[PDB]
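A.B. asks: Residue numbers (the entry's author numbering), protein chains in the order written: chain G, 1 to 137, 158 to 261; chain B, 1 to 137, 157 to 261; chain C, 0 to 137, 157 to 261; chain H, 0 to 137, 152 to 220, 224 to 261; chain D, -1 to 136, 157 to 260; chain I, -2 to 137, 156 to 261; chain E, 0 to 136, 156 to 261; chain J, 0 to 136, 156 to 261. Shown below is the structure under consideration.
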Amino acid sequence: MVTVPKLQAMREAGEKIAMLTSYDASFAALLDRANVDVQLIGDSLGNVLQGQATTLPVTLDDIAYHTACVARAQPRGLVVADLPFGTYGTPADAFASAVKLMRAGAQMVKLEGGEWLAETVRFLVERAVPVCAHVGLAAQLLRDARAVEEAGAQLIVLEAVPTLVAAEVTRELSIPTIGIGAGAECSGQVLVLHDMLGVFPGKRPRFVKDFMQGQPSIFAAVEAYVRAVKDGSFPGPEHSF
Amino acid sequence: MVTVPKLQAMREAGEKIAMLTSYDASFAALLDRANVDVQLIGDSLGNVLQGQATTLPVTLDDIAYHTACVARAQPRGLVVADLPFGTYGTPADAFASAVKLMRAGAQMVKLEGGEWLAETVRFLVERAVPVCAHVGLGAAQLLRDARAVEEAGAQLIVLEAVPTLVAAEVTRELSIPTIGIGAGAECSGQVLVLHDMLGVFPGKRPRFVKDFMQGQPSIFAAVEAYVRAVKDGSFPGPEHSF
Amino acid sequence: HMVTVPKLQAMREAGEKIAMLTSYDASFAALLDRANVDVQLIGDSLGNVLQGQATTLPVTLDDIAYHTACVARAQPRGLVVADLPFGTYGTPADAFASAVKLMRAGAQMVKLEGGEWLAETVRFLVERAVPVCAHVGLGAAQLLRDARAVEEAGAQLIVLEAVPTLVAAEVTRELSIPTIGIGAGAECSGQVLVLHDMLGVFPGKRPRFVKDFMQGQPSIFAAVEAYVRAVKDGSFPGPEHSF
Amino acid sequence: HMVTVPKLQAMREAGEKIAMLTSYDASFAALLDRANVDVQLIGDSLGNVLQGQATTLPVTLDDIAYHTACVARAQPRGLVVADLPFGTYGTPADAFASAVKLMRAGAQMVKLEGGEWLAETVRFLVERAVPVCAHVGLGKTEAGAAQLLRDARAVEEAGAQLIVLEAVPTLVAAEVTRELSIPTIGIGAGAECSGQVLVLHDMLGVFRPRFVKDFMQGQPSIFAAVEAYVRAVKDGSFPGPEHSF
Amino acid sequence: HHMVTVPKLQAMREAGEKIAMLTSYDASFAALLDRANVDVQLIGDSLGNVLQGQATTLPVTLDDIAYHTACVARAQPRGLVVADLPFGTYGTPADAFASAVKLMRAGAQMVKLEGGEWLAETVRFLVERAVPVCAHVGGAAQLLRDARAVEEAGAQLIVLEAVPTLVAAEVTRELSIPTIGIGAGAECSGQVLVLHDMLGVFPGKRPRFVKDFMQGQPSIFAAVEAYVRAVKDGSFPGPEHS
Amino acid sequence: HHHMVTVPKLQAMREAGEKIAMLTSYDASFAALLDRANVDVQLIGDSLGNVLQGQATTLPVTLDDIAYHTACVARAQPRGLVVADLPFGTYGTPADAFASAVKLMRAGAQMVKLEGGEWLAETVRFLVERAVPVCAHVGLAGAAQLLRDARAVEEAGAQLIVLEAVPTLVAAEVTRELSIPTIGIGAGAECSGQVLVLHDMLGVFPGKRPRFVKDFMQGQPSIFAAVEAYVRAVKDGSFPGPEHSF
Amino acid sequence: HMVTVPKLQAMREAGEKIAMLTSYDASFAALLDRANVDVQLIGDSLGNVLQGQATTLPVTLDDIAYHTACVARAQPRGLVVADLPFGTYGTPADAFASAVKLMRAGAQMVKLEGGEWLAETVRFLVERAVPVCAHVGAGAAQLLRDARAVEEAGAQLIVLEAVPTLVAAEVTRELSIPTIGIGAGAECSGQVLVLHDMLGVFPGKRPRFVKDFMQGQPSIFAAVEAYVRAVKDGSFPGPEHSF
Amino acid sequence: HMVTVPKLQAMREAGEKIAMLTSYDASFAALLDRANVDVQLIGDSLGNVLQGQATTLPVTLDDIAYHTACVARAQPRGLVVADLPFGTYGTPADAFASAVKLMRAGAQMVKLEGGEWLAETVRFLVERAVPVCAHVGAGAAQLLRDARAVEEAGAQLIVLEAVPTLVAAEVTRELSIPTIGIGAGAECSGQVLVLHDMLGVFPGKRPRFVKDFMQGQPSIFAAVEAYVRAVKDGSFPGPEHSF
């Protein structure tokens, strides 16, 4: 049973957290069988499920729908849901949006933004909504990270950050850091499910590894991801700048 | 680009039709790349996506949301969407439901039921909504179901859970293409639920399904293997029949 | 057990009495299923026993839908039946919209109260794959006529309410589908009671057709298992519970 | 036994233990009242025991209002308390809107879960004539215990007239109760609170969670089981040591 | 055995006991009327005039009747609670049913529909679906046809308004159900008046049909008792009120 | 125009020593009869929750319910001042209080009544500034706080105040300290006027007459003469009498 | 006292011509009634004269209801008629729902425009106690057939619009109910004009059916009195208004 | 050819009096514009004159928006001013939402009634491009404070209602913006009356402040033309219409 306190304990133990995006009941159950620690219903579903060029059209109802689907698989891993763009412009709106997702089964919500988010994070945590922060790009990045941790975020996604810079954020923070496109010096990693399964035409993203190629089953692809994350051989240098 | 007429010409020319369920833009693009003829946004999403015991909770908006996702991949294959349970109890209601799915990107709708559906199918067809029928089990009644919906204007029909010889007879009697699931190999084509055929489930693999993922180098090769196996006559095998 | 609409017909053929009870929430529904209740009914009796109203007429469709979803979330192996409340089946298309809502919420069959006039509605529903439980009561000749008309139209189950034992015997013998009595004596294919009555949670008179099964059982579970066994061995309803 | 908020306070002063139970429908509510249950709580526990959910987070304000109207239609003499569910009191104005809806449906008092941060919310409601029941949980130096007492004093001081203590070491709950002047009602908080609460379905043995006793055992009826609870609370034999946090 | 039911009013006509009915729109008066043993309390669209101060009753909506119905039912009277379907809420049988259902959910045990012969199909439709109906009619030969028609359709009670005493007597003789008169003389199975009219809460000149029962009585409760006893002993209405 | 009771005329009545006679009123027939009996002020109060709706308390009464009964009373076009209660829950902020008041004044209310103490000051000030006349409503160290409540709502702008269930000598002191008119129910005779619930003073109550009420129907030929008797007894100072006083 | 539907039928039989004007607000409604205008019509002409639209098609049922309630608040003794606007009577039950809305707002009668296809709708409405005004306008033959059809379905007043005088005379002779002319010559049981036209508040060029009754009068009240009188003495419409 | 806010300010500076009149529909708005009315006011007077209510409290935002769209569709050269009705400007945000609805329907400026307290609201509106007309009415000391505070907050026009001539003269002299009188006498930058009053549509005694301009004139156009002329030559209002 991965709970928010469990994530903190994993960081202190040096057990790496394997996170993956997840949008429906069948994959959620497969991911959970492969021991994925954290399943993310991310606005990435705007590209991978909805086929849009950006994630801006993704609504709060969309995220709530996919959240309810993943939740119905009753995974042992932590279910995290993104608040989509436009749904947290003020702290009271953030709270109404978070409440909707937690009613649908999310156990933590993720809000993207730097320092300015601090008051919102504090508002939410105070009202018993666990928060995952999401920052990206170096002194500003470190300032952002420290402010959201200080306001009460218990998890933080580092996106598209040089490896040494990521390593330093991880060393400065007490909460677990989860990297994508940010090197192996994080407490864990996330990829978009569809990317790591090789379900994309042509150009693999540089941050990503196709875990499916050469594996006998979808389940073995996911298990491979989880093991590579935990033994520190994903991400490798090729996936990092 | 696969059209309703091409599906008919494929039956005449003895080319089998390869259909798969599909519920999002990424698998829709992959399926299209492996030359899936028909992509079905079916109420099987109630089980496979929503994790429900049955399909009854699936609403018209659910089907419309997943249809819009598939259509946004712009596949060359035909996009068929199911009218879910409760959404076609009169012909006018059936039409309003179908219209919503076609606005979302469906090119054809599927309505499940027997003889009694004839007036509904004619109503829809008259009004420029192409219809896929869907029937199942005994044999005498399945056959008049099949004939009645063809006669009413259905241009495609799904045969679900039917012994191989009866399905073989239905296919002979009809002139429209038949699409089997659990109906043996003597159909104009075949359908499977995508998650079943990719093996995205331990334990209870239903009898009519093969896992095309096992031992393939990629998900794309799994789907390409399904399409080849449907066309060369060696799915479904007698294992998947009865 | 995993009870389906076809299993009820088989039970009648095999002479296994059908034990049915009302049920309105997830806790009792799990307890009933653990006690192998065959059929759970989300009935408009909830207007009286849960809502505290003098009649069942204030019960809405949304109310039945809510309780049906609660019972269904327990995932019982028994058959979940929901009542279409008063006012929600005044035409066949209305009946079908109401039934669909209840079935989306977890009902596997819906119950409509009415005599012979319902025939066309029952047929409409059954043709469209909604299984139907009929419900009639009190005269005797019209009762059998009502029962026969809703059976011909496609009902797969029928409740007989407040009927002399000999009349109900007759109806059961003439019908080919299972009959379920409440205040209709022991010559039925099964029995239903309102849960709260059989657990003795009323103030006042036990209704005469009810037995309080809680009395001197060691647990609520044991009261319910006693009910199911008593229905199945034929010693409920007893003569003192019939008329 | 027409139990008002001032009567509970007098109960605490007199050393008469307050017996509280959850209640969600008219039939049980009448039976609870005939058994002399002091306080009936339409709690978000209904999310688990009635709706069958893994958590109470799906419970809406309309679900609470519905069960509150059911209970109130029994016209009990005991105090009707209704929970404000999750998400319905993020600001004081929102809390007040939620509270009004529950009091329109028959609640006599509303319960809000949270610590010191709720102090303004409680003041806001109490000043506008909404009675409030608070609800908190968690050596002399220990930080948890210390924050719990700070929470309790804060909501008391903002005007809460009753407080629930859930999952608290017995000795800590005893000190919270001694420091406060309002009645405390425990669940998994030991026997030194001014009263006790349990979930009806748990105490009827329809499921023990560790904090719970099954009162149906050795009793001839549901009514006698509820009478046994009320008596046990008042004679100090529930909760037992096994029921402690 | 305390409740006044539709069968009980039928028994009263056979046994010759006159039925005393009064309009009622709120809980306080509902209770007082019940204590005075009023047989039937009517939430009539007369509230348009007496409560709302409108010149006609057409502004009275289904929601107004429903609100005042709930107020009367919350007194929990033993008398029967009858509610009017307001103007425009019974144009088709389906609508009539929807409207009846709303009132019965609010506390009506019977609903009143005004109209002659054309209402028969609507009456039949309601009665079949368990809605008890009270008809309302008001040359003499059409009146008689209208009354027979609604009775055959299944109305269990009929109000006769503004009808010559002789004509009303015939109607009552030819029907089998109880007739309740207002401005129809004393040859009816019972009487109705508007509460406020019989309490004298009007400015100046009362209608010809009405007696002020309050005048010179020691209490409002005595006035209502006076009315009930005067209907039952046959001396309201008098010749003045006809 | 000069036939109409206005808020300034009520203030003049206080000055002239003419006692103000107020009654609750909820429909057009009674509202016409009350006006014909020269009742000064008709109040559409939340007492309708008990007397009309049959509820145990007044909390179920909605703004829509008060607005409906206000429209009924207003369509009788009485000369007397029409005051409507803002129900429980409809004035939790000043902007909310204004939206509710607006609704009632659109329906025919000429003045709105808000129940509560000192804390209401800001809300009263917000409404009066925006042209909404306000009737305050207070009751029960205890006497000290009542007097603070009274002065604060007057300071804030209230032009009428109801004192409910207050010792007679306390009510006397509040009335003397305020310069707006005070309207008592259960507050003795030393107020600028009196209020009762219509159905109470017509003797339509289940059995037990509350302490504060007299049944004016008794000894009278009609309901009109009952209401006339009320207005006269208020004006000659012999309602309320000692037995009606808390 | 009050102008009622039977009073209008009396007027035809007695030879008193009916003076009808459109009306859309309380102030004008009060002035019209003081001038003894017999019938006030809340017509969809308001689309032109109040809304400034090029056609009357944009006028909605809510528009007609709003001005009907304005006119009704003047409490005129004249009969208050309201137009069902275009698209609100496509089926009989729609017609009834629209009419009911207009009657709750203060309408005493409703006017529906169309020929004999309307007969069934007129009958449905009159059966449900909605009084109906018809509105019609080889063709001569169809016109008469439309007129008799709506009268036999139960219409109690008919407006005749844009019709040769001799055809209108014939129609009027053939019917029992009163005919109200606009552009139909003087052999009708009465006349209607649009208020603002007859008050001379049009742009410079006058419609052919209209006379400016305000021109040269000392007051608006005087203008309306002159119209009522001219209708009743038969000297409006004149031959310059007719064809 | 359009009358604009800055043109009114130029009229003040040049001593040309502003003629303003209320207006609620397209026919009259066209007529008023032919008469060179400077400013057309969709005022909450419509509650009395059109809706026939005793007070203006019942007038909704939707009502004002409707009459505004009607006036605007006549496309007057004159400036269109719409009243924010009672209860639609209780906070600055709500005032802005209400104003924006009126401006979308065709209003060029909105009128808010009230004194000194409104200052903040007027600033909020004006900052966001909503032109504002104030409306007010020692004693004198407060009148002048209200007037200066709303002008300072950005109001560009002000209506002075029921104010003695001398006071209104002092207000006018101390403000920079044009003042518009109704019952405020002759020393204002302009005048307003309610259309229906100055057309004499109401019987018996008229308001003291009002002249009936229809008396003596051959047409309604001549009445309005006469009003506009009498304001600009300084001979309405007369001493009989002031105090």
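Cβ coordinates follow ideal geometry from the N, Cα and C atoms, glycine included.
Residues of chain I with CB under 8 Å from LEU60(J), in chain order?
C.D. replies: By Cβ distance, chain I contributes nothing, its closest Cβ being about 11 Å from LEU60(J), past 8 Å.
A.B. asks: Can you list the residues of chain G that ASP164(B) reaches, using a CB-CB cut of under 8 Å?
C.D. replies: Near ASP164(B) there are no residues of chain G at all, since even the closest Cβ is about 31 Å away, more than 8 Å.
A.B. asks: Among the residues of its own chain, which have a CB less than 6 Å from the CB of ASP32(I), if the five just before and after it don't count?
C.D. replies: If we look at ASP32(I) and ignore the five residues flanking it on each side, its Cβ neighbours are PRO75, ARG76 and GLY77.
A.B. asks: Nearest-angstrom Cα distance between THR183(G) and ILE238(B)?
C.D. replies: If I take the Cα positions, the gap works out to 32 Å.
A.B. asks: With distance defined between alpha-carbon atoms, name the residue in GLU169(E), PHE27(E) and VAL185(E) nearest to residue 143(E).
C.D. replies: As shown, the structure holds no coordinates for residue 143(E); chain E passes over it, running from 136 to 156.
A.B. asks: Which residue from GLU112(J), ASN47(J), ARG103(J) and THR67(J) puts its Cα closest to that of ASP164(J)?
C.D. replies: Looking at the Cα atoms, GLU112(J) is the closest of the given residues.
A.B. asks: Using a Cβ-Cβ cutoff of less than 6 Å, which residues in the same chain neighbour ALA73(D) once the five nearest sequence positions on both sides are dropped?
C.D. replies: Around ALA73(D): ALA25, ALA28 and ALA29.
A.B. asks: Check whether the Cβ atoms of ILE198(B) and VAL210(B) lie closer than 8 Å to each other.
C.D. replies: The answer is yes: Cβ separation under 8 Å.
A.B. asks: How far does the alpha helix (DSSP H) with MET108(C) in it extend, from its first residue to its last?
C.D. replies: Here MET108(C) belongs to no alpha helix (DSSP H); instead the beta strand (DSSP E) covers 108 to 112.
A.B. asks: My output table needs one value for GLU179(E): the three-state DSSP class, helix, strand or coil.
C.D. replies: Looking at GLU179(E) - three-state DSSP - the assignment turns out to be strand.
A.B. asks: Does DSSP put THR3(B) in a helix, in a strand, or in coil?
C.D. replies: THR3(B) falls in the coil class under three-state DSSP.
A.B. asks: What residues are listed by DSSP as bridge partners for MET10(H)?
C.D. replies: The partner list for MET10(H) (beta bridge, DSSP) is empty, contrary to what the question assumes.
A.B. asks: Could you tell me whether the Cβ of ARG72(G) comes closer than 8 Å to any Cβ of chain H?
C.D. replies: Not closer than 8 Å to any Cβ of chain H, the Cβ of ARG72(G) fails to qualify, so no.
A.B. asks: Taking the alpha-carbon of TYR245(J) as reference, which of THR55(J), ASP215(J), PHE123(J) and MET1(J) has the nearest alpha-carbon?
C.D. replies: Answer by Cα proximity: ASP215(J).
A.B. asks: Contact criterion: CB-CB distance below 8 Å. Does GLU126(E) meet it with respect to chain D?
C.D. replies: Answer yes: the Cβ-Cβ gap between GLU126(E) and chain D drops below 8 Å somewhere.
A.B. asks: Using a Cβ-Cβ cut-off of less than 9 Å, list which residues of the segment 206 to 233 of chain B approach chain G; keep chain order.
C.D. replies: The residues in question are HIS214, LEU217, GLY218, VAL219, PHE220, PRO221, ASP230, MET232 and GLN233.
A.B. asks: Just to check my reading of the structure: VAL79(C) and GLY105(C) have Cβ atoms closer than 8 Å, yes? What is that Cβ distance to the nearest angstrom?
C.D. replies: So it is a contact: roughly 6 Å between Cβ atoms.
A.B. asks: What separation, rounded to the nearest whole angstrom, lies between the Cα atoms of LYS6(H) and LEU178(H)?
C.D. replies: Cα to Cα, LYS6(H) sits roughly 20 Å from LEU178(H).
A.B. asks: Out of curiosity, what's the CA-to-CA distance linking residue 146(J) and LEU217(E)?
C.D. replies: Missing here is residue 146(J): after 136, the next number in chain J is 156.
A.B. asks: Throw me the rounded Cβ distance for the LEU20(H) and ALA64(H) pair, which I believe falls under 8 Å.
C.D. replies: Not confirmed; about 20 Å, so no contact.
A.B. asks: Determine the burial state of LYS223(B): buried for a count of at least 16 other Cβ atoms within 10 Å of its Cβ, exposed for fewer.
C.D. replies: With fewer than 16 other Cβ atoms within 10 Å, it is exposed.
A.B. asks: Per DSSP, which one or two residues make a beta bridge with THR197(C)?
C.D. replies: Answer is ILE176(C), bridged to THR197(C).
A.B. asks: Judging by CA-CA distance, which residue of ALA202(E), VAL48(E), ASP82(E) and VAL228(E) is the nearest neighbour of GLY136(E)?
C.D. replies: Comparing Cα-Cα distances from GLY136(E) to each of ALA202(E), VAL48(E), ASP82(E) and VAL228(E), the minimum goes to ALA202(E).
A.B. asks: Based on the DSSP output, what are the partners of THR21(G) in its beta bridges?
C.D. replies: Beta-bridge pairing links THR21(G) to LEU40(G).
A.B. asks: Return helix, strand or coil for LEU117(I), following the three-state DSSP convention.
C.D. replies: DSSP places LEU117(I) in helix when its eight states are reduced to three.
A.B. asks: Taking the continuous beta strand (DSSP E) assigned at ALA81(D), which residues delimit it?
C.D. replies: Here the beta strand (DSSP E) through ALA81(D) covers 78 to 82.
A.B. asks: In the segment 88 to 103 of chain G, which residues sit with their C-beta less than 9 Å from some C-beta in chain H, listed in chain order?
C.D. replies: So the list reads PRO91, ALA92, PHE95, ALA96, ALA98, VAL99, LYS100, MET102 and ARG103, given in the order they occur along the chain.
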